[PDB]
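This report refers to the structure that appears directly beneath it.
Backbone-built Cβ (ideal geometry, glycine too); neighbour counts: all protein chains shown. Nothing in this text is a laboratory measurement; each read-out follows from the coordinates by a stated rule.
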Amino acid sequence: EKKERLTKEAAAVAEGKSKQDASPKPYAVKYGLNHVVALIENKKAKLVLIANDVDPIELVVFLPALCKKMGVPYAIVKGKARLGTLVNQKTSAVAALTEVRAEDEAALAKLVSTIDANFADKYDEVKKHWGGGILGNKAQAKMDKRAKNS
Amino acid sequence: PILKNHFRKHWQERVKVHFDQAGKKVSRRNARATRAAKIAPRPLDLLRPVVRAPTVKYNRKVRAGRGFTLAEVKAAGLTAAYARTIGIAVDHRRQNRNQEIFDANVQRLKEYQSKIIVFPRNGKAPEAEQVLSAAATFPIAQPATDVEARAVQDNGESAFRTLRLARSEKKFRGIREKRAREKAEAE
Amino acid sequence: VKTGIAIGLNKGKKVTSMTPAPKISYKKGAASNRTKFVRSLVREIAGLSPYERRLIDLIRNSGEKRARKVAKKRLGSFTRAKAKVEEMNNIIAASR
Amino acid sequence: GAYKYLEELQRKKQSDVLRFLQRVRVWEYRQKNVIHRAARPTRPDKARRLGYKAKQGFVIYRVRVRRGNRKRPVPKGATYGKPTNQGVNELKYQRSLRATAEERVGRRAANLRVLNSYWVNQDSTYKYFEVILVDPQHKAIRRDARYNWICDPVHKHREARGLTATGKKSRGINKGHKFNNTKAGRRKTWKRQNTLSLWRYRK
Amino acid sequence: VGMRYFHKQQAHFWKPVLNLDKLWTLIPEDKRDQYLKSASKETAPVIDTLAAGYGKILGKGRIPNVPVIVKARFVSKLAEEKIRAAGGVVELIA
RNA sequence: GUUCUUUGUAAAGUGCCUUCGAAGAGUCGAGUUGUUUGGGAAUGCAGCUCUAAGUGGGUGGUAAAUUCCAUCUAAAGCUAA
RNA sequence: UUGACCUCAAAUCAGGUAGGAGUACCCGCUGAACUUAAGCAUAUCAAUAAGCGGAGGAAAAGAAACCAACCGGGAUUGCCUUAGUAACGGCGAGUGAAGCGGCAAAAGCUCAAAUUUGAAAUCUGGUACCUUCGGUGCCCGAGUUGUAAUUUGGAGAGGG
């Protein structure tokens, strides 16, 4: 499309001396990780999607704390592999949406009210517990039989 | 007399004798003559500042430094980027906090741009017959302190009690200030 | 201002001074607006390190005199122990 | 961007999050080989300020070295000398463990040139390092003249002569009045001043 | 024997001495005969002892009666007294 | 030097007013142990343990506390004679 | 049930590269003793010979976390000099630098860290054609966990 769009502009520039107002305004998801973090802390983002599995985990772990600070309604979607498909990459690791068309505006604000109920509201009490109490099932049967006998 | 010689090491392995002194001089003058054909209109060395030396033994002298400053070059009316093309060394890490050295380097710059002529990029290249030493065209001048003869004005300050009281005031400065606060801190 | 003689409190020749342009590489220490925002964000994520835990139980119990002695020895020097224990007073003040 | 957040959060190495990652990743690195290829850097910010550019021809290796001193290889501790040199267990090996880590990956991948290296993780037995290497035969490196300086054949085996960032540190090469014995190289400035200079006209 | 001086450098201690005997070899030769034949306080020759490379002025001989303006970093008591009898000031330069 | 090709609504430089100014971490540093040179309660490097800060950090050849002042900007890199 | 992704593999896969020799000089590591002290352990010989790793026509160092205490100097190297001096040593034998000054040679600079976000603007390879140390056009690929353009502290950027 970009290889289509530039020659579509190039015929318009020489003939009509137009100021590239021939191309309309785009609307698309903003996807780069250093680009999403720059769109937050300016309060310029509406939704921020976060992949749960990132192989250097240290990359992403400040984003649920940073999105709570600036007030952006984050979400933790599953899969970096799914996020690459919608934005023409293999992996994406974030996907944020700055703007949306006005006819699609009311569909967005309904969706944010469901997401913040699960994530940004629970954030106060997520910090007060620790995970990882799971044991292997041979060890799990070992202590349940004893506690039943005790 | 006791005499100290440090020859216990294997010193005959490291002995360098300079038979090549007369040989390296002929090679070095051929290096300058080959450069002065390659750089054929230009004077083989960049222009240097007037700089007063440090270290109380040597501060009476004045000496050719490395480069001017960003401040002295702007005072002459040219950028530092263009100044290196003209033949003017620029030292970015030096600072000016004296005025007579600042006024000496600027006057050294006003003389320099009049003496040079810079060829156009386009062509027609007027033949100019290079002068091989830019230091010899702009010599380093020893500044003059005072006139030769003056009249005698005498105030009786005695000039050695001057040095004596200036010495004792440095030595006893700290203890007298400790007295001066204890008077103030009372009650 | 130098006096103009060889010895004393202000030795050396009297010459007029220019007080030149301030170098940019003197203000390396002053932070930003942004790095203050970053370091405030990372402290609430990371939490306190284990010896910093042993300071905030020690200032509340045994006063600030004993706290500088432990913070002298866990860190390197004594002047760095001033910069740490002064931070731990700011932690408790933000708590209450 | 995440440049600065990763820079600060790596500094808190005893916080409750990082000592979790330091204890999970120390298990994974023992299970692999001594030298094995990392597909991508585990510390992307620290790799990037050392010169990593994620394109074709920048290879990250992960290496494991032994912690500890150096025991002298004389048989049964018999040094055969004046009663100093009997010292065996207290000997300390002037090169760091970081430069030893660069030489093992250097002798393995010989076509590659070692650019730099950095710390990752440690244990009581092993220190771990992650080494950034540059391919000089790849065509994306022989062009784009920010990086064609390494294809110059004076840069052959930088890690073994001590020219890297930890190489120039262990030699003790910085400016100052402290570094008099090693400012132009140690054995060059030795030979300079232990030399009897004799001119033609004797001074 | 005495106390030690770590990092000694002979720039702190640069101070060559000049006796009052010479004191006129600093003046060049051709002008010398004119200044000796004048008792004028109006025209007295200014001798810069630092620019010739002399730290201190010491009094060792006797000087003639012509008044002389001397610039110096350091003078002794007896040297400043002996110039003052000739009618010459001693200005301290840095 | 001589000859035909013009790259550019491209690029660079300078004056003024404001808001700014991101600057390298198991590192700098300290303890101890060995090794080194003129470096003298520690000149370098290395091992282990401890491990920072941001008007901060390093040095200013006698340790430490307290108050100043000067000077440069480390832990990433290239380059002829 | 197909279709990606991550990590790990294989092939006489397409194209590449490293080892060895020389080793006077160069950058490291490792490292003795005979000897001197009229003994000798210290110290010295020596941060040297031997052993090992790695380069070039030069290598190395280099654009200050510098020297300084001045009316201040200004990347590194080399010479004259500082100097057999300060300094350390069974304070014995012995060892022994650096800053200034003159001179030779002269040259400066690059990333990381700023959202292009009204458009990954960047790059290897494969294949046709060509004016071939390459160029142009299409197609896969790398790549948003960051490739260009802009900036390197002497500054510099965003608006006017």
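At least 1 residues being exposed (fewer than 13 other Cβ atoms within 10 Å of the Cβ), hydrophobic (A, V, I, L, M, F, W, C) and within 9 Å of RNA strand F (Cβ to nearest atom) is the threshold, and among the helices (runs of 4 or more DSSP H) wholly inside the stretch C:32-96 those reaching it are C:79-95.
Residue pairs whose Cβ atoms lie under 6 Å apart, sitting 6 or more positions apart in sequence or on different chains, and linking a residue in the stretch A:6-25 that is within 14 Å of another protein chain (Cβ to nearest Cβ) and under 24 Å from A:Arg101 (Cα atoms) to a partner that is of a type in the set (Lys, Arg) and away from RNA strand F (no atom under 11 Å from the Cβ), do not occur here.
Touching a residue at least 40 places away in the same chain (Cβ under 8 Å) and in contact with a helix residue (DSSP H, G or I) (Cβ under 6 Å, 6 or more places away or on another chain): which single residue out of D:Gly1, D:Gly57, D:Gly51 fits that description?
Values: D:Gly1 fails: touching a residue at least 40 places away in the same chain (Cβ under 8 Å); D:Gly51 fails: in contact with a helix residue (DSSP H, G or I) (Cβ under 6 Å, 6 or more places away or on another chain).
The unique qualifying residue is D:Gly57.
Which residues, taken from the stretch D:126-145, are farther than 17 Å from D:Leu50 by Cα and more than 10 Å from RNA strand F (Cβ to nearest atom)?
Step one: list which residues in the stretch D:126-145 are farther than 17 Å from D:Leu50 by Cα, which gives D:126-128, D:136-140, D:142-145.
D:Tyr128, D:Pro136, D:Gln137, D:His138, D:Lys139, D:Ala140, D:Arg142, D:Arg143, D:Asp144 - these are the residues of the stretch D:126-145 that are farther than 17 Å from D:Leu50 by Cα and more than 10 Å from RNA strand F (Cβ to nearest atom).
Residue-wise test of (1) within 19 Å of E:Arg84 (Cβ to Cβ); (2) polar (S, T, N, Q).
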position	(1), (2)
E:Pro16	no, no
E:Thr25	no, yes
E:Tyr35	yes, no
E:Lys56	yes, no
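Residue count for the stretch E:37-70 satisfying the condition of being farther than 15 Å from B:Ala151 by Cβ and not β-branched (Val, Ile, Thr): 16. Tallying residues that are part of a loop (DSSP other than H, G, I, E, B) and in contact with a strand residue (DSSP E or B) (Cβ under 8 Å, 6 or more places away or on another chain) within the stretch A:55-64 yields 1.
Note on the stretch E:2-28: residues that are near RNA strand G (Cβ under 9 Å from one of its atoms) and either within 14 Å of chain B (Cβ to nearest Cβ) or among the aliphatic types (A, V, I, L, M) (or both) total 6. Would you check which residues across the stretch B:136-159 are over 34 Å from the mean Cα position of the chain (by Cα), surrounded by 12 or more Cβ atoms within 10 Å (Cβ to Cβ) and within 14 Å of chain C (Cβ to nearest Cβ) and list them? Correct list: B:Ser158 only. With the requirement that a residue be farther than 30 Å from E:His7 by Cα, more than 6 Å from RNA strand G (Cβ to nearest atom) and without any contact (Cβ under 8 Å) to a residue 40 or more places away in the chain, what does the stretch D:148-197 give you? Within the stretch D:148-197, D:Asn148, D:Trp149, D:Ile150, D:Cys151, D:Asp152 qualify. Count of the stretch B:45-58 residues, restricted to those that are within 16 Å of RNA strand F (Cβ to nearest atom), surrounded by 13 or more Cβ atoms within 10 Å (Cβ to Cβ) and within 11 Å of chain E (Cβ to nearest Cβ), is 1.
Condition check ((1) assigned to a helix (DSSP H, G or I); (2) under 28 Å from D:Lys55 (Cα atoms)) across all residues:
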residue	(1), (2)
D:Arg95	no, no
D:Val105	yes, yes
D:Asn111	no, yes
D:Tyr118	no, yes
D:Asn121	no, yes
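Look at the stretch D:57-87 and say how many of its residues are at positive phi and assigned to a loop (DSSP other than H, G, I, E, B). The number of residues fulfilling the criteria is 3.
Please go through the stretch E:37-62 and give me each residue that is in contact with an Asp or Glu (Cβ under 8 Å, 6 or more places away or on another chain) and away from chain C (no Cβ under 14 Å), ordered by number. Across the stretch E:37-62, the qualifying residues are E:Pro45, E:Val46, E:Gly59, E:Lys60, E:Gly61. For the stretch D:23-51, a residue qualifies if it is of a type in the set (A, V, I, L, M, F, W, C) and assigned to a helix (DSSP H, G or I), and the qualifying residues are D:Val24, D:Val26, D:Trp27, D:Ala47. One residue stands out among those in the stretch E:72-92 that are surrounded by fewer than 18 Cβ atoms within 10 Å (Cβ to Cβ) and under 26 Å from C:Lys13 (Cβ atoms): the one that is nearest to the other protein chains (Cβ to nearest Cβ), which is E:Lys77. Quick check, is E:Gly59 in contact with a helix residue (DSSP H, G or I) (Cβ under 6 Å, 6 or more places away or on another chain) and crowded, with 17+ Cβ neighbours inside 10 Å? Against the criterion (in contact with a helix residue (DSSP H, G or I) (Cβ under 6 Å, 6 or more places away or on another chain) and crowded, with 17+ Cβ neighbours inside 10 Å), E:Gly59 qualifies. Would it be correct to say that D:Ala54 is hydrophobic (A, V, I, L, M, F, W, C) and part of a helix (DSSP H, G or I)? In short, no. The single condition among (1) within 14 Å of another protein chain (Cβ to nearest Cβ); (2) away from RNA strand F (no atom under 15 Å from the Cβ); (3) in contact (Cβ under 8 Å) with a residue 12 or more places away in the chain that D:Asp45 does not meet is (2).
One line per residue, one yes/no per condition, for (1) touching a strand residue (DSSP E or B) at 6+ places or on another chain (Cβ under 9 Å); (2) more than 30 Å from D:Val120 (Cα to Cα):
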residue: A:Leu33; (1), (2): yes, no
residue: A:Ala45; (1), (2): yes, yes
residue: A:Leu49; (1), (2): yes, no
residue: A:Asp53; (1), (2): no, no
residue: A:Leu66; (1), (2): yes, no
residue: A:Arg82; (1), (2): yes, yes
residue: A:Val87; (1), (2): yes, yes
residue: A:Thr98; (1), (2): yes, yes
residue: A:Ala102; (1), (2): no, yes
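Which count do you get for residues in the stretch A:43-60 that are touching a residue at least 24 places away in the same chain (Cβ under 8 Å) and over 20 Å from A:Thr85 (Cα atoms)? Here the count works out to 5.
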